[PDB]
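Form deposited in one PDB entry, single chain, as structure tokens, below.
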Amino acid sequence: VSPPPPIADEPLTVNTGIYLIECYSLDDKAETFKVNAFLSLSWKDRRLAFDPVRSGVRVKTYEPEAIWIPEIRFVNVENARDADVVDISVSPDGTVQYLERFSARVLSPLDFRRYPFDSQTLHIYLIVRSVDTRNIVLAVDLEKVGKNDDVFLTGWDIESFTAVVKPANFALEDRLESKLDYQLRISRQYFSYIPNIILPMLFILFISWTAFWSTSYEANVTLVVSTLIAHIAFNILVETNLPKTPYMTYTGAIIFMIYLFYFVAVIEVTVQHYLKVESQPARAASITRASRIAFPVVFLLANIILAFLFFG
């Protein structure tokens, strides 16, 4: 109803704390996730002080109305959180303990430069706006920050959930505001990617390469082109789940490299057939024997160079 008047000019400090209960629905393309947690607040209000002995009580309980509650808002949320007050209590000296449970949908960008083996950081921002009569700043209560042991994300491993103690103060629309940053660090579970994507791709590439041990043109054409079709199908399957980015990723580089290898293999088969038709089997044999060793070695070297370039 009315913010507590200051003594002389001191600001009002509000202690915050978030306790995660459930987190779920991490969408890569939409770059969002949903959360379910507690919100804890604590400040000072001398007007509500009382004598414990006179009143015969040690804790008083107030309804959300008929009491001043600061307005805390999340910055990067799609809609205002749906919340419900759990409990409000007042201490004899004037300290107020506030608790509520909410749910919200949070927007946060993701970095996909190492997509199969990447780690991400998700941010939650709290802000408060100063009133025309009092200045309000935020702080962090280290005891009230935490998460449940049952919190799970489908496909991710949760590492930590901390908060930066120092807030950021800035002027927005001729008023002063304070901001807090809560960080949740997660890592991707990449085990399922190996036997479901990587190994079949290598098998198909080897089946394509086995055409350097034959001399029949039609069989070579069939092998190479059909393996190319299989590669296109796998590429569609993989790309349906990876969002478009303005930079170069590991997976895209590997896929482009495989396309280039298929093109060069077709070129080699055509060259060998053309040489053999003109009655020059010696050059064709030399080229084929050279390619048999040239292709895997260059593939391995290029893969090693790419790994050093993206993880070094």
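Just so we're on the same page, rigid core means the largest C-alpha set that superposes within 1.5 Å between forms. Start at 1 with the first residue shown and count on from there.
There is another form of the same protein, the form deposited in another entry; it is not shown, and what comes next is about it.
query = Do you see a C-alpha shift of 2 Å or more at residue 265 between the shown form and the other one, with the core held fixed?
reply = The answer is no, as the C-alpha of residue 265 shifts between the shown form and the other one by less than 2 Å after core alignment.
inquiry  = Taking the rigid core as the reference frame, tell me whether residue 211 has a CA displacement of 2 angstroms or more between the shown form and the other one.
reply    = No; residue 211 is a residue whose C-alpha shifts by less than 2 Å between the shown form and the other one when the cores are overlaid.
ask   = With both forms fit on the core, has residue 67 moved 2 Å or more by CA between the shown form and the other one?
value = Yes, the C-alpha position differs by at least 2 Å between the shown form and the other one.
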